[PDB]
There are 2 protein chains.
Amino acid sequence: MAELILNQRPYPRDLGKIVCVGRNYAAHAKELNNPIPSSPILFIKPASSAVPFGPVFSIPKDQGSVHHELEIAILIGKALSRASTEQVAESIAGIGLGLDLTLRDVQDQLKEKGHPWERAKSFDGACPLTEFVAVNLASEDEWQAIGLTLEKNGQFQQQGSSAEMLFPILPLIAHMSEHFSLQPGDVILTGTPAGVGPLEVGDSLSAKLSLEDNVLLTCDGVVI
Amino acid sequence: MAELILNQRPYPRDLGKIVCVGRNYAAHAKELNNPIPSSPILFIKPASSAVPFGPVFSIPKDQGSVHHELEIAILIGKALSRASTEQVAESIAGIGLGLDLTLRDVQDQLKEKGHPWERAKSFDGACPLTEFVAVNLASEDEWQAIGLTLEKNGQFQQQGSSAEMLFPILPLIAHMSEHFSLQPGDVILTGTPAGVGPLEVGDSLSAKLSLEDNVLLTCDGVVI
Ligand SMILES: [Zn+2]
Ligand SMILES: [Zn+2]
Ligand SMILES: [Zn+2]
């Protein structure tokens, strides 16, 4: 599986699990004709689904539509269990980006039957993940200033700010830790903004992570 | 973090992920009035949900009923991806028991809304796992002669044999391997038979695992 990268070198703890939120951005719930949540939808992707974020993304081939979903990724550095938001902020080792790659037709069918989502979310290559970068934020306020951008084939595809999250980063993770204890090496996917859509072989993607409109990292890849 | 025991001694792998099958015993499907699918219901529990199988089983408190679901657990010894039944049999390092503890009321509501199952299946303590007993160059059909029994406060509660499985151990695991690559230290929960029901604080459980009618493990615990 591993490792994760933090500050351009290997993170000392192997990738554990990838805890994900559904529908953290209102416009993304609307674009798919889903009801905006009042509590978060929670699922988990396994270490076996992680791959480097580019230069190539391999997608499943004969299983219907495969969707890109860019999301702010959070690396957990210290164990969290039933944690406060202060404990969460002190635990975060860095921030990066992930693609929550989703077999969308498979998900539609799973959902309709009330079935678990793993077939659509946990497949090999389901979680391209960038390197993480340590940020020592000036106030808890600044967690609301994190941005993401996806471009596909040179053109705008997705953009979001953590300001827009229904469940902001710190309280989301604090709440997550109430349901599943979090260990060092765990990753959090904080939700995809509007603009999700299918991927085809040969699509090129360009992903950008920012802080108050300053670029933290950029990562590119082509679909194969 | 719960750690794997093979051969009454430590195992050189950390517990990875716990891959589970939904409705593998026709009778368990029926007792709950659930349709039998022609394809396996697949979900995954995280390493972080595993705990020792006894002497205590802790259960969530204010989230409705918690069901016991005894199942035959399979310890994956060698990597498996897109694998055949022969490779599966060579990869297996041993066999044990797991309790797929389940927030049934939470699971009912998630099903209704078409939400992922993690809240109901992946909470802390959701996966009590016994030690594993090594099986080596087993007879190619001893795989249909594994039995399990659960007792609850002295009375039989669950009983079954891998002969009764809709998706038999080897091709079930081969099939999982087509969707999620399996790494050494991953555990497979092969489905629970008829007899599921709630657990209450003070309940005591006794679980047995057999191979060709010879008991291999007896593990007890009380619910707290
Ligand atoms: Zn909660
Ligand atoms: Zn997502
Ligand atoms: Zn089960």
Side-chain angles (χ1 to χ4, degrees), chain A residues 1-6 10-19 44-51 75-81 91 93 118 122 124 126-127 129 132 177 180-188, chain B residues 1-20 43-54 58 71-81 83 88 90-101 118 121-135 173 176-177 180-190 217 219:
Chain A
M1 266 55 81
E3 30 227 355
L4 302 142
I5 296 165
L6 177 63
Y11 190 64
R13 326 288 289 265
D14 288 345
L15 180 70
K17 59 181 177 293
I18 305 154
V19 189
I44 296 163
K45 297 159 77 85
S48 61
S49 85
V51 285
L75 173 66
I76 301 304
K78 298 165 184 176
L80 297 155
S81 179
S91 172
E118 278 82 336
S122 299
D124 296 346
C127 198
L129 278 172
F132 293 86
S177 75
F180 328 110
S181 63
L182 309 177
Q183 292 75 44
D186 283 349
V187 173
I188 317 293
Chain B
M1 282 290 317
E3 45 204 343
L4 299 163
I5 295 157
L6 177 77
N7 232 26
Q8 211 155 345
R9 285 156 34 253
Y11 190 73
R13 307 306 213 287
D14 294 318
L15 175 61
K17 54 177 185 289
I18 306 149
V19 189
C20 308
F43 55 100
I44 300 157
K45 291 177 164 265
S48 71
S49 69
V51 291
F53 202 101
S58 186
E71 326 200 358
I72 293 156
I74 309 300
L75 180 59
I76 300 313
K78 287 184 158 57
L80 291 161
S81 172
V88 169
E90 286 170 343
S91 161
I92 300 178
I95 62 173
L97 288 174
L99 281 168
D100 181 357
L101 305 185
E118 282 87 324
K121 289 284 190 171
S122 290
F123 58 86
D124 298 340
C127 200
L129 281 165
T130 67
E131 51 160 344
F132 293 81
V133 192
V135 279
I173 302 176
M176 293 164 170
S177 100
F180 333 116
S181 289
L182 307 175
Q183 290 76 37
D186 287 347
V187 171
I188 315 300
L189 298 188
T190 59
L217 299 157
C219 311

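Letters A, B, ... are given to chains in the order of the sequence lines, protein chains preceding strands, and every chain is numbered from 1. Below, each value reflects all heavy atoms present in this structure, side chains not excepted, and no hydrogens, waters or symmetry copies.
Across all their heavy atoms, B:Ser122 and B:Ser49 have their closest contact at O-CB, 3.6 Å. Here the closest non-hydrogen pair linking B:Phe132 and B:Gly96 is CD2-N, 3.5 Å. Pairing each heavy atom of B:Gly77 with each of B:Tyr11, the nearest pair is CA-OH, 3.4 Å. Closest approach of A:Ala50 and A:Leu129 over heavy atoms only: CB-CD1, 4.3 Å. Of all the heavy atoms in B:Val51 and B:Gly125, the pair that sits closest is CG1-CA, 3.9 Å.
Judged as a side chain to side chain contact (heavy atoms under 4.5 Å, CB included), and not counting sequence neighbours, the contacts of B:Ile5 are B:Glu131. Partners of B:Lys121 under the salt bridge (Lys or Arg N to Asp or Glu O under 4.0 Å) rule, at least two apart in sequence or in another chain, are B:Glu69, B:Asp100. The ring pair (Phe, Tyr, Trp, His ring centres under 6.0 Å) check on B:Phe53 picks up B:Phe57, with sequence neighbours excluded. When the side chain to side chain contact (heavy atoms under 4.5 Å, CB included) test is applied to B:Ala83, the partners found at least two apart in sequence or on another chain are B:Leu80, B:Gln87, B:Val88, B:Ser177. Scanning for ring pair (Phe, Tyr, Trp, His ring centres under 6.0 Å) contacts around B:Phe43 gives B:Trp117, with sequence neighbours left out.
In terms of modelled atom types and a separation under 3.5 Å, the side chain of A:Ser91 and the main chain of A:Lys78 share a donor-acceptor contact. Within the 3.5 Å criterion, the main-chain N or O of B:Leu97 finds a donor-acceptor partner in the side chain of B:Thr130.
Between A:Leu4 atom CG and A:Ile76 atom CD1 the span is 11.0 Å, to the nearest 0.5 Å. Between the CG atom in A:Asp14 and the CE atom in A:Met1 there is a gap of 8.0 Å [rounded to 0.5 Å]. One distance of note links CZ of B:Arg13 with CD of B:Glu3; it measures 15.0 Å at 0.5 Å rounding. Remark: B:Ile92 CD1 to B:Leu75 CG distance equals 9.5 Å, nearest 0.5 Å.
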For residues 180-189 of chain B, please give each side-chain donor-acceptor pair under 3.5 Å, one per line with the distance, not counting sequence neighbours.
unit_1, atom_1, unit_2, atom_2, d
B:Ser181, OG, A:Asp124, OD1, 3.4
B:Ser181, OG, A:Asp124, OD2, 2.5
B:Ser181, OG, B:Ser81, OG, 3.2
B:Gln183, OE1, B:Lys17, NZ, 3.0
B:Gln183, NE2, B:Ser181, O, 3.3
B:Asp186, OD1, B:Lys17, N, 2.9
B:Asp186, OD2, B:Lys17, NZ, 3.1
B:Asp186, OD2, B:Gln183, N, 2.7

**Request:** For the pair B:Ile44 and B:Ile18, evaluate side-chain contact (heavy atoms from CB on, under 4.5 Å) and give the outcome as yes or no after the intermediate values.
**Result:** CA-CA 6 Å; B:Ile44 300 157; B:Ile18 306 149; 5.6 Å; no
